[PDB]
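Structural overview
The residues making up each chain are set out below.
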Amino acid sequence: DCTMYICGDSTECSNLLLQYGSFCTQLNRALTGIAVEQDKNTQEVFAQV
Amino acid sequence: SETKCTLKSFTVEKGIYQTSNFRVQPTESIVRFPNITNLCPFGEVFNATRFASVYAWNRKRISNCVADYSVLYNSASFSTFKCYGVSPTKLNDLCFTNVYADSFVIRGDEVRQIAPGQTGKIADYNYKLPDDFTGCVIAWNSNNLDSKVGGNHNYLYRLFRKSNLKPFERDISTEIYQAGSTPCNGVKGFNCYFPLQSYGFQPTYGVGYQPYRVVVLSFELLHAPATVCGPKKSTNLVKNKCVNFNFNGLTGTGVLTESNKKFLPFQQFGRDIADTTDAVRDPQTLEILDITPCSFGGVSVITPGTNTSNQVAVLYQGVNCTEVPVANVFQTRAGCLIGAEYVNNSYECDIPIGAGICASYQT
Amino acid sequence: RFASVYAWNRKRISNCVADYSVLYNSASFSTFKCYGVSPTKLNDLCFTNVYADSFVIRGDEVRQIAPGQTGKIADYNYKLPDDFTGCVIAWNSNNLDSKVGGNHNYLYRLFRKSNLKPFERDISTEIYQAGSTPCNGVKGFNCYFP
Amino acid sequence: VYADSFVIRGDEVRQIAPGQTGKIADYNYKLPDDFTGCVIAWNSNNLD
Amino acid sequence: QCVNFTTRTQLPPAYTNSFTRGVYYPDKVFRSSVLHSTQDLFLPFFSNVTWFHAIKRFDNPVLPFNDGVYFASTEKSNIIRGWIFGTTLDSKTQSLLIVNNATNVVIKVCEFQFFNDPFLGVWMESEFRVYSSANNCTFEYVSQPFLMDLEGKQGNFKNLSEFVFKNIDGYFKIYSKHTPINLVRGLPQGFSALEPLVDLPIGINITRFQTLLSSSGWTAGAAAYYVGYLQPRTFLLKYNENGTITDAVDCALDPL
Amino acid sequence: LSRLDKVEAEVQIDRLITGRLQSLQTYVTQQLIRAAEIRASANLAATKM
Amino acid sequence: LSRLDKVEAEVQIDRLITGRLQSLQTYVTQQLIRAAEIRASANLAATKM
Amino acid sequence: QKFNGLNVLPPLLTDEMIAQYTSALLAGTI
């Protein structure tokens, strides 16, 4: 999660986090690529038939 | 609109998108503190039968107690409460190291000289204050008891003194002061003045001439650990609702529930492997409670092609929907899905969801 | 005349040429401290608007004038914003603001309900309730002039 | 080691600091930004 | 009012190895079946502890106090009474005074003009020959009164009391633990944790300490107590499923 | 947040933000590295089958 | 540069430079990760031919 | 599922579902 880990339930902390820009969006995209790729692995091995 | 803005485009492609992570706001703030018992007896300080006089004001040390200033402030028996170093309202908030109380009886005419940075007879002979006087001053009148019809001559004040003494300095020298050039020997003589003169208080005296009992509660700053300060307010206990709980000065959020764990008599905290708080002990009723920060998730919008349709679905990843209306129903291993109908036919996957569930656009 | 801290005057400065050099090099200003802009570059920039705030205070309470600080002056009568951009000018004026009989024309707010918003103006003089007991009318115990 | 000697009015001691301003700090006596050392001043009205 | 107990012969002190003593609870926290690493003041395993005997014998010497001192006493009939802590012990500076009797625990912080041999002449208390002057007192502590066994029980030591003294940022911390043992003179082969007793905000400094035990000559029971020193070491405390420290490991002992 | 005023509270919390981004960018980097090794064996397993 | 002097702007500029390198450091590493996966597919086509 | 935002997602194929592929592969080759 974007801000729960670093500035959880704090309104003040989320203000300074937003100034860093697209670090939040880029990181979330990185994890999604790994998660989706795992289903490709299982499908590639067992779904031969 | 959330997806259309996050993707920064006016076209939305078929698939599942991640946006708008979900949380739950708490309701209120709860504070728990012990039964506060160790209060020092200010009653015997205020209601003492006889106070010391201005020439030899008594110095008493107050330690390791709860100085409840609310009873002092709200009482109407006081005539004035001028308190210079700190705000009178925040006396019970900041915790202090030590407090020294000076109790004396003076006239109402010299009440001005008690204030710091002031000039007067008692401001220059016996009672001196520094330029940064942080202590807190209290004064009230007790004419009915203090005044004597024949004159209570027990009290005395410094008439003539050799020099202006430093703050918090008490002198016992009652020697015959030598105001004149020639030395004074014996008990009396030329230019031989007794340093102390007697107060006479009578009910016929007006405001200013009447006896006023003045006490100052001076204190010292942070050269020893703080032990003397006022009470800590406590409120009622609540459970099964996540709140901003504050136990013994620690703040956090989560639902307070009954825990069957057994601590040690002196143990206070409960912690897990990951080094975070998961238990707490009520400082009034000794019991073991379990904490759980109120839950949270995100939002996964399942939509077909924009040209084909505009209807969407919302799935909260790994979120139970018994608490969903904060933001058709179906509960699955991946969470609770709303907006889509569950059928019994089995087709090929088109939009994966999780745990074998695959959504699609079909009649 | 400069009014009190609670009657501080705000003056709009616009559509003019501001030669800060003569102010910059004049020794008649005792204290010269700038926060947002270095003092030498005020003559090299153009601003959309200029605000001037003038008042009179003690010579030993100019510390609280710094933005974001704490205290009675910074809490009850004058509170600067967190991101203040400007300069602070101070100088002694005893000969024109002090009298043998007491220049009691200068008043300051001693107590208020709570903290003030940035750039707050208030001419309220209503009596505050210090004690728990309600206070009405115009005078009472623990009901002091604000 | 270097020593610089001069006399300034007591109200203007703060102008000698490096990075500080003032007419003296502009066209009488100034210091570089990376100046290393100490600045000392004391009262001498009894003689000067 | 005191009488000097100079009637003692000087003997060298014997050394003993502290097998597994010196472990306590660093902080008030509950951890269930975890292994936590903590760096703090501790008594090293297999350390040289000093052996003192009191019989005929009256050993009340002054010992240095630095980074806390660990005290243990294999005692019957409770000859040991208390301790004093201070830097001058001549009424110049405030001195900590700890005494335990059959009545109650007493703690005083005053400039006590301590004598050479502070003791309580005894079975009932008769002579409080410990101090003379109590003029400038800052803190006083009294617990709830009780009654203690003053009878002179004989035989091998049946009770073992372990006490730890340590000062952090002016605060005075004391830890207590009691365990029944059946041995001759040495510490038992076993493990035990020392629960905290009480914390005191005395706010005074301490450099040396002294123990406490017709006018000349006396016979006392044979009681032996050990004195040891603490230095900063790192341990690996092993909590159980119930919250009691069950084992500990000294990192600097051996390569394993 | 509750011990220091807002003039310099952002100075102290800045180190936490700087540290925690460093602690979070590190974690994802190994997940990118580790997933590459799994895909190396996943493709070999698909060939074995 | 146009607003503050040399000493004050040095602190402000140093704040950007630390962030700017981290922006390029993140970018260059991801290219290395992705180019390794392209290399694996490049050699899979050379074997096929 | 965790405290500080960390969540773990279930696989698309259930552990029982992949057991059907293995039986199908072994049944065909037998």
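Residues numbered from 1 in each chain as written, not as in the entry; some residues may be left out. Chains lettered and ligands numbered in written order. Part of a larger assembly, values for the part shown. Heavy atoms only, no water. Residues with missing side-chain atoms left out of burial classes, pairs and counts.

Structure determination for this entry, per the PDB record, employed cryo-EM and reached 3.82 Å resolution.

Let us now look at the packing of aromatic side chains. Under the criterion given, the structure shown has 50 aromatic pairs over all chains. Ring centres 5.2 Å apart and planes at 85 degrees place the aromatic pair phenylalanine 266 of chain B and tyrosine 25 of chain E in the edge-to-face group. Pair noted here: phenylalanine 266 of chain B is in the loop between β12 (250-258) and β13 (269-271) and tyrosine 25 of chain E is in the loop between β1 (14-18) and β2 (29-31), and the two residues belong to different chains. For the pair formed by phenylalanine 266 of chain B and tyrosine 25 of chain E, the shared burial category is buried. With a centroid separation of 5.3 Å and an interplanar angle of 15 degrees, the aromatic rings of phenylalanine 71 of chain E and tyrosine 225 of chain E are classed as stacked. The exposure class of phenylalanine 71 of chain E is buried, given its relative accessible area of 1%. A relative accessible area of 4% means that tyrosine 225 of chain E is categorised as buried. By way of ring pairs, the aromatic residues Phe52, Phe65, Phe71, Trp83, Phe85, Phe163, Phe165, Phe172, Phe209 and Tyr225 of chain E are connected into one cluster. Directly above the aromatic system of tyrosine 239 of chain E lies the positively charged group of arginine 31 of chain E, at a separation of 5.8 Å from the ring centroid. (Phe/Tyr/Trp six-rings, centres within 6.5 Å; stacked < 30°, edge-to-face > 60°. Helix = DSSP H or I, 4+ residues; strand = E, 2+ residues; numbered from the N terminus. Buried < 20%, exposed > 50% of the residue type's maximum accessible area, 1.4 Å probe, protein only. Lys NZ or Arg CZ within 6 Å of the ring centre and 35° of its normal.)

Time to look at the packing of helix α1 (residues 6-48) of chain F against helix α1 (residues 6-48) of chain G. Packing of α1 of chain F against α1 of chain G leaves a shortest axis separation of 10 Å and a crossing angle of 10 degrees. Regarding the angle of α1 of chain F to α1 of chain G, the classification is roughly parallel. On α1 of chain G, the residues that touch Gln22, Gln25, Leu32, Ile33 and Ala36 of chain F of α1 of chain F are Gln22, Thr26, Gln30, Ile33 and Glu37 of chain G. (Axes fitted to C-alpha atoms, helices over the stretch in contact; angles between N-to-C directions. Parallel < 35°, antiparallel > 145°, perpendicular 65-115°, else oblique. Contact = heavy atoms within 4.5 Å.)

As a further point, take the sheet that holds strand β19 (residues 335-338) of chain B. Residue and element names in this part refer to chain B. Reading across from one edge, β1-β16-β17-β19-β18 is the order of the five strands in this open sheet, with antiparallel pairing throughout. Both outer strands of the open sheet, β1 (15-18) and β18 (329-332), are each paired with one neighbouring strand and no more. Taking the axes of each pair of neighbouring strands and ignoring which way they run, one obtains an average angle of 20 degrees across the sheet. Across four bridges, β1 lies against strand β16 (residues 300-303) in antiparallel orientation. In the sheet register, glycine 15 faces β16, and the bridge partner there is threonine 303. (Pairing = 2+ DSSP bridges.)

Turning our attention to helix α3 (residues 23-46) of chain A. Over its 24 residues, α3 of chain A extends 37 Å from the first C-alpha to the last, a length consistent with the 34 Å expected when each residue adds 1.5 Å. For α3 of chain A, the full list of buried residues reads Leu27, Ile34, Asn41 and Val45 of chain A. Residues of α3 of chain A that are buried sit in contact with α1 of chain F. (Expected span 1.5 Å × (residues − 1).)

The next point concerns the interface of chain F and chain A. By convention, interface size is frequently given as the accessible area that disappears when the constituent parts associate. Each side of the interface is counted separately: chain F has 20 residues, and chain A has 19 residues. Interface area for chain F against chain A, summed over the two sides, is near 1900 Å², with a carbon-plus-sulfur share of 72%. In this structure, the connection of chain F to chain A is made through two salt bridges. Across the salt bridge formed by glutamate 44 of chain A and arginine 39 of chain F, the nearest N and O atoms sit 3.0 Å from each other. (Buried area = accessible area lost by both parts, 1.4 Å probe. Salt bridge = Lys/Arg side-chain N within 4 Å of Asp/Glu carboxyl O.)

Take the arrangement of the chains next. Contact analysis covers 13 pairs of chains in contact, and the most contacts occur between chains A and F. Without any contact between them, chain B and chain F keep their closest C-alpha atoms 10 Å apart. Nothing in chain E touches chain F; the tightest C-alpha to C-alpha distance between them is still 21 Å.

We now examine the interface of chain C and chain G. On the chain G side, the residues contacting the five residues of chain C number five residues. A combined buried area of about 400 Å² lies between chain C and chain G, and 53% of that area is made up of carbon and sulfur atoms. In this assembly, chain C and chain G are joined by zero salt bridges. Viewed at the interface, chain G and chain C are joined by one residue pair in polar contact. (Polar contact = N/O pair within 3.5 Å; in protein donor to acceptor, adjacent residues only side chain to side chain.)

Tallying each qualifying case throughout the model produces 23 salt bridges over all chains. Across the pair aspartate 122 of chain C and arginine 112 of chain C runs a salt bridge, and its minimum N-O distance is 3.9 Å. Linking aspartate 122 of chain C in the segment after α3 (94-97) with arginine 112 of chain C in the segment after α3, this pair joins segments that are 10 residues apart in sequence. Note that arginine 233 of chain E and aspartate 250 of chain E form a salt bridge whose closest N and O atoms lie 3.8 Å from each other. Of the two residues, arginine 233 of chain E is situated in strand β16 (residues 231-239) and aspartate 250 of chain E in the segment after β17 (245-247); the sequence distance between them amounts to 17 residues. Exposure remark for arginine 233 of chain E: the relative accessible area of 25% places this residue in the partly exposed category. Each of the salt bridges in this network shares a partner with another, and the network as a whole consists of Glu37, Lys40 and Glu44 of chain A together with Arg39 of chain F.

With that out of the way, let us pick up the state of the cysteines. Residue and element names in this part refer to chain C. Counted under the stated rule, the structure contains 12 disulfides over all chains. Note on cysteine connectivity: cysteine 135 is disulfide-linked to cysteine 143, with sulfurs 2.0 Å apart. One exposure class covers both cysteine 135 and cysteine 143, and it is buried. Ordinal numbering of bonded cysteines along chain C defines a disulfide pattern of 1-2, 3-4. (Disulfide = S-S within 2.5 Å.)

Here we take up the UniProt feature "disulfide bond" in chain C. All names here are of chain C. A sulfur gap of 2.0 Å between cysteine 34 and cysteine 87 means the disulfide that UniProt records is present in these coordinates. With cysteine 34 in strand β2 (residues 31-34) and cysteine 87 in strand β4 (residues 87-90), this pair connects stretches of sequence that are 53 residues apart. Look at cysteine 135 and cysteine 143: UniProt has them disulfide-bonded, and their sulfurs are 2.0 Å apart, which fits a closed bridge. On the basis of relative accessible area, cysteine 135 is assigned to the buried category, the value being 15%. (UniProt positions renumbered as here; feature names shortened; annotations may be inferred.)

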